[PDB]
Structure formats: structure tokens, C-alpha cells
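1. build me a model from this:
(chains A, B, C and D, ligands or ions: 4)
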Amino acid sequence: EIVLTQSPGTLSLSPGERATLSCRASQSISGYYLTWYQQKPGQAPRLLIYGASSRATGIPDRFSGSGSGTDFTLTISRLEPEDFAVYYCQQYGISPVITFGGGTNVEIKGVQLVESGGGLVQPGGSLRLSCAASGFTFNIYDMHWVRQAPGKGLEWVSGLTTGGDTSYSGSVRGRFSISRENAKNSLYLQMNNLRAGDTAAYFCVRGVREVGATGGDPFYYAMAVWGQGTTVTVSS
Amino acid sequence: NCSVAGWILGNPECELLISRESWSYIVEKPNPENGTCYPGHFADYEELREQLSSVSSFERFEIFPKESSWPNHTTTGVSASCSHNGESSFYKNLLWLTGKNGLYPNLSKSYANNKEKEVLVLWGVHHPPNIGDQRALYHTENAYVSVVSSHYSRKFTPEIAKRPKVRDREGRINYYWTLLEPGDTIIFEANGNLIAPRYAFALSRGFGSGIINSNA
Amino acid sequence: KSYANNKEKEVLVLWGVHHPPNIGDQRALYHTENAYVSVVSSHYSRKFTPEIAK
Amino acid sequence: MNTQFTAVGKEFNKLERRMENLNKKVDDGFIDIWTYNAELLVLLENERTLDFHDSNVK
Ligand SMILES: *[C@@H]1O[C@H](CO)[C@@H](O[C@@H]2O[C@H](CO)[C@@H](O[C@@H]3O[C@H](CO)[C@@H](O)[C@H](O)[C@@H]3O)[C@H](O)[C@H]2NC(C)=O)[C@H](O)[C@H]1NC(C)=O
Ligand SMILES: *[C@@H]1O[C@H](CO)[C@@H](O[C@@H]2O[C@H](CO)[C@@H](O)[C@H](O)[C@H]2NC(C)=O)[C@H](O)[C@H]1NC(C)=O
Ligand SMILES: *[C@@H]1O[C@H](CO)[C@@H](O)[C@H](O)[C@H]1NC(C)=O
Ligand SMILES: *[C@@H]1O[C@H](CO)[C@@H](O)[C@H](O)[C@H]1NC(C)=O
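-> Numbers count the residues shown, from 1 in each chain, chains lettered A, B, ... in the order given. Ligands and ions are numbered 1, 2, ... in the order given. The protein structure is shown below:
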């Protein structure tokens, strides 16, 4: 899937101010296709906006966007020091491959998952992670594992639909391996042949309602919810 | 353990068994376990059983390949009750269709026989349990389908109907089918809310063979 | 509106579909020239959208 | 007798009780008629067999 281009990776602005951010791709890419996030360093991501217009749950009404085709845009009605944060640009490829903009700091001038196993290994070695589910039906949604080096643009390691169609990146594939358990309500990621590119924080991520199930659940082509992630490192 | 529904449609817990080209008679139990994983009305169940009482020739082919039939509608979604060893799936012989990131155009497609044998075709009509699926997937509260032939034709325009949980499903898709002879054509037209054919059943008739319920 | 069985016996239900002889009844009573009914079940279901017929 | 390559049974919904109770009555009608004719045939044929033997010895 296509390379993106955020605009800007950091900005510095004052209170009582708008903020225009433009994430644009190589090709023209149809616009119920992106979703937009924030994150405080120390906190996991949070969901804000989807499909270049429309707005998530648990919300003000200030962040509002537009744009289409190649150039997608999220604008901001008002700035506040509580917003001091890196905002992200995450798109679902038709090649079923999430792609990532590299985060955009706002500087202001004057139910759940749980991860398992994050830590150290030797390089060239082997280690597994798990995740486990709480208070929903892990049957339904389309899952993704994600990585993040500290203060860097994200990278999408892997994800899988409930019908078993995998998607990895061509560099990462073969070295990582996933497996899913719905009856257990848990997820697995056995990993081998690990190098310093894997020295980063990771996240387990619950995505998309596949087609069909009982609930008061809509769907987007966005995330559903994140996990709190965990650090993984090779060293000696 | 399978139903006729689970057999014909492509339930992954039911062995498809394309190698079974023809046979002596049909064997079931009285109380078949595996009906449809996503429930729904299946009209003229009796008639299809009687039509499939017998076999002279019978086989499975790919009327519309999943590849290249539906570029402009996303094809690959499934549901989790329809599953295989605890992993989600959907019936082999059929397809969902939905938009290209919420981009539903409407369809008109068709097929007529070149094989010179008789043909058996299935499709479905979507009844969501809530409206947000309807607007989100297909982007019309309007429904209108027209499945058309010389002899048979019919249209469908459903609404939402809040049904109870059945196999963790309030939604329904009502299944609809027909025979089709050599020379004759089918058309499908729709503004969505469809189950389309991937594979269709080529056949000749048979005579005199039939159906058993039995646990022996 | 809806109903399902708690009695565990079988049930027999009736209803009707209105065809006025004039339109002033239609607008006055119900305030739609449109008619659309949907009586729905698992096995049986059907809809109705009639007009006036003198 | 002539035994066809037959399929006996059927099944129906509850919106065709006409065909259900009909096909019941139809089939039971046939079953009873074969039953009656056959049973009288066994009784009478065995009677005529006794008479056949009796006559031969006489
Ligand atoms: C094929 O038939 C089998 C046998 O009936 C189906 O498996 C059974 O499905 C029932 C559905 O009610 C399962 O009970 C349910 O269990 C879940 C928890 O997993 C719970 O949420 C429900 O409330 C209900 O208790 C039952 O455990 C299950 N048994 C086995 C051995 O699988 C199967 O689903 C059918 N498959 C298809 C593709 O039709
Ligand atoms: C048909 O249904 C029976 C249900 O009685 C299934 O029986 C199960 O078999 C598995 C092993 O195959 C056992 O682990 C379960 O405990 C059995 N359950 C019961 C209730 O007997 C049987 O497997 C099914 N067969 C097919 C081919 O679907
Ligand atoms: C999809 O729509 C475009 C419209 O430009 C058309 O060129 C293409 O043939 C369409 N494909 C299908 C499968 O309808
Ligand atoms: C889809 O249906 C609407 C309904 O009026 C119609 O205007 C439009 O032209 C249809 N499009 C196609 C591609 O059939």
C-alpha cells in the first residue's frame, strides 16, 4: 500500500487558534478509507475522526476535516494546551495493508485489551507475545499488530482478517507469525530472527466489524480501539 | 450432520464434495444440526428438495468468478457464525458485495447458458437488524432488486426488522433460487442488499431417486 | 411492534389492510397517500402498499 | 406386480395443509386398498389351494 505524506510533522501555535493538517498520498484513494488519531507521549492512541469528514464518540465538535482523492485534510477549530499531542493518519489499503503517516505534533505556545510478554531478547533470537481480551466478542473484529519507535513515524507490522487472509509487509514477513483464538478470547504473535529494527514499542489493535453480528455496534473502516502497548528490544 | 442448506450453499463445516457427481439417494437425519449460520427464510425448500430428489448429472462450476466479477464492490467480507474450526468464513458458492470505501454504485449483470445442460442458481436478499449497516454499507435506505428471467422474475425492496438473537444474529438474509434451462438467461439488477453467485450448479435432471431421514 | 410466544403452544393471528373508497379518508385519518405495511416473521413475511379503488 | 423405480415420500409447509392432509388420505387410500385386496387374495387362494388338493386326491 501507498506512501503517505503528512503536513506538518510538528507545528507550534497559540491558544484560540485553528490548525490545518494535510495528509496526502501518492494516488487518489477514495475517502472512507482514512482515520485520524491523537496520542500523548505516555498514553496510548485515541480515536478522533474517520473518512475525512466524520466524527467519533466521546467528543467536542472542534476537530473537523475535509479533502478527497489524493489529498485528505483534518482541520481544527480551536487549539488548547490539553491537546498537546502527536496526531496520526492511518489508512486501510485495498491491498489489505494499513499505512501510516509519521505523526504530527501540536505544540501549544504560551472493553479492553491487555498485552503480554514485552521485553528484551538477544538479537537474531526468538520471542513470543500474546494479547488477551476483556468484555466483548473477539470473534468479530479484524485485528492488527502495530509498532512505533520512540518519537518516530509508526510502522504497521501485521494484521489479519477473521477469514484467515493475512497481511504483512514484505520485509517483516516470515520473521513474525500470528495466530488467533476466539474461543479463548486471545491473540498470539510468535516471532523469530529479531534485529534492532524491532527495537520499538508495539500495540495490539482491534479493528473492523467483518460483515455481520448482533449488537449496537456500527462499523467504520477505522479502528475500533487500541491497547496500551509494550516495549520490545534486542540487545546484548 | 448437515442440512441441505449447509450442503448446497458451502458451509465450511459441511464437506462440499464436488467429486460426488451423482448418486443413488440422499441421506439425512430427521433433525439436521447445521442449518444456516446466518439465519434467514429459505423459500420453496420443499420444491428444491423435490427437484433435487434425483440426479442424472450434477456438478459445480464458477458462473461468476470472485476475481474480476466485482471490482467496483468490495467482496471479501464474511461473518463469524459461518466459521471453520473456530475461524470466520462464509458460504463457498456465493458472495457478499459492499462498497469501495462507502462507494456503492448499483448493478446490472446477466448470464445465459452455453453449456446446453440445465442450471441451478441461488441468491439472497439482505434484511439488516439496524439501519446504520444499511446506510454505511450500501448508502440507500431504498432497497430495490430485480432478478429477472423469461419464466421467473421477481423484485425485492426490504426494510429493517428487529428480530431476536438466533445464533447471535438478529439480522437476516432471505434466500431465493431458481432453475434455468438451456437458451434462457438470467439478469440481476440491484441497489445492493444482495447475495450474489460465485459458483452455480450445472446438472441434468435425474428421475425417481429421492430423500431419506435416518440415523442408521 | 412485535410479539413472540411465551405460552409454548402454537398461535393463530389475524390482521387487515385498509382500502378506502375515497382519498379524503386516507389523508384525514392517516395523513399519507403512501401506504406501506410490513408484517414480518421468520417463515412468513409480506408487505402492503394499497391505493383507493372505487 | 410392477415395481417402479420409486421415491415414496414428500414433505410440506404448514401453508399447504390441503396438500398435506390430501396426500395423507391419498397414500392411506392406496395402502388400504392394496391391503384389503391382498389379504382377501391370500385367504381365497389358500382356500382354493385346499380345494385343489382335496379335488386331486378325490
Ligand atoms: C454446526 O453445528 C454445530 C452443532 O450444533 C454448531 O456448534 C454449536 O453451536 C451452538 C450454537 O448455539 C453452540 O452453543 C453456543 O455456544 C456459544 C459459545 O461458544 C454461546 O455464545 C451460545 O450462547 C451457545 O451456548 C455450541 O456450543 C456449539 N457446539 C459445538 C460442538 O460446536 C456449529 O456452530 C454449527 N456450525 C455451522 C457452520 O453451522
Ligand atoms: C455431528 O454432531 C455430533 C453431536 O452429537 C458431533 O459430536 C461431537 O464430536 C466431537 C468429536 O468429533 C466431540 O469432541 C464432541 O464432544 C461431540 N459432541 C457430541 C454432543 O456428541 C459430531 O462430531 C458431528 N459430526 C459431524 C461430522 O459434524
Ligand atoms: C467501475 O467503474 C468504472 C467507472 O469509471 C468503470 O470504468 C469500470 O468498468 C467499472 N467496473 C465494474 C466492474 O463495474
Ligand atoms: C442507481 O439508482 C439511482 C436511483 O434513482 C439512479 O438515479 C442511478 O442512476 C442508479 N445508478 C446506476 C449505475 O444504475
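2. can you map out the helices along chain D?
-> Along chain D, the stretches classed as helices by DSSP state H are D:17-57.
3. contact partners for residue 10?
-> Since you didn't name a chain, this refers to chain A. A:104, A:105, A:107 (C-beta atoms under 8 Å, 6 or more residues apart in numbering or on different chains). Every residue, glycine included, has its C-beta placed from N, CA and C.
4. wrong chain, I was asking about chain D
-> B:46, B:50, D:23.
5. switch the residues you listed over to JSON lines; also include neighbour count and distance to ligand 1.
-> As requested, these are arranged in JSON lines below (neighbours: other C-beta atoms under 10 Å in any protein chain shown; distance: C-beta to the nearest ligand atom, whole Å):
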{"residue": "B:46", "neighbour count": "14", "distance to ligand 1": "22"}
{"residue": "B:50", "neighbour count": "15", "distance to ligand 1": "24"}
{"residue": "D:23", "neighbour count": "15", "distance to ligand 1": "31"}
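6. quick check, nearest of those residues to residue A:90?
-> Each of the contacts of residue D:10 was checked against residue A:90 using C-beta to C-beta; the closest is residue B:46, at 51.0 Å.
7. in what helix or strand does residue A:35 lie?
-> Using DSSP states H and E, the secondary-structure element containing residue A:35 is strand A:34-39.
8. that strand pairs with which strands?
-> Pairing partners of strand A:34-39, with direction, according to DSSP bridges: strand A:46-50 (antiparallel), strand A:85-92 (antiparallel).
9. which one of the ones you listed is the most hemmed in?
-> Each of these was scored by mean neighbour count; the highest is strand A:85-92, a mean of 23, by mean count of other C-beta atoms under 10 Å in any protein chain shown.
10. let me know the next secondary structure element after it.
-> Trace forward from strand A:85-92 with DSSP H and E and the next one is strand A:98-100.
11. who touches that next one?
-> For strand A:98-100, the surrounding residues in contact (C-beta under 8 Å, 6+ apart) are A:1-4, A:88-93, A:144, A:146, A:153-156, A:159.
12. gap between that strand and the chain center?
-> With C-alpha atoms, centre = their mean, to the nearest Å as the basis, the distance from the averaged C-alpha position of strand A:98-100 to the chain average is 8 Å.
13. kindly report the same for stretch B:157-165.
-> Computed by C-alpha atoms, centre = their mean, the chain-centroid distance of stretch B:157-165 equals 19 Å.
14. same list (the strands paired with strand A:34-39) but as CSV, adding distance to residue B:9.
-> Supplementary listing: those in CSV, determined by distance: least, C-beta to C-beta, whole Å:
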stretch, distance to residue B:9
strand A:46-50, 34
strand A:85-92, 29
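15. check chain B for the residue nearest ligand 4 and tell me.
-> Nearest residue of chain B to ligand 4 (C-beta to the nearest ligand atom) works out as residue B:106 at 3.7 Å.
16. quick one: that residue from chain D, how far?
-> Distance from residue B:106 to chain D, counting by C-beta to the nearest C-beta, to the nearest Å: 34 Å.
17. neighbours around that residue, how many?
-> By the other C-beta atoms under 10 Å in any protein chain shown criterion, the neighbourhood of residue B:106 contains 13 residues.
18. show me what contacts the one residue in chain A that gets nearest to chain D?
-> Using C-beta to the nearest C-beta, the point where chain A gets nearest to chain D is residue A:212, with a distance of 26.9 Å. Counting by C-beta under 8 Å, 6+ apart, residue A:212 touches B:38, B:79, B:80, B:81, B:169, B:171.
19. show me these that map onto strands.
-> Counting by DSSP state E, the members of the contacts of residue A:212 that fall within strands are B:79, B:80, B:81.
20. closest to chain D among those?
-> When those are compared for distance to chain D (C-beta to the nearest C-beta), residue B:81 comes out closest, at 25.2 Å.
21. not counting sequence-adjacent ones, nearest residue to that closest one?
-> residue B:37 (4.1 Å; C-beta to C-beta, 6 or more residues apart in numbering or on different chains).
22. the helix or strand hosting residue B:7 near chain D at all?
-> When elements are defined using DSSP H and E, residue B:7 is found to belong to helix B:4-9. No - under the criterion of C-beta under 8 Å from any C-beta of the partner chain, helix B:4-9 makes no contact with chain D; the nearest approach is 11.4 Å.
23. tabulate the contacts of residue A:10 (CSV), appending secondary structure.
-> Below are the contacts of residue A:10 laid out as CSV (DSSP: H, G, I helix; E, B strand; the rest coil):
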residue, secondary structure
A:104, strand
A:105, strand
A:107, strand
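24. sounds good, over and out.
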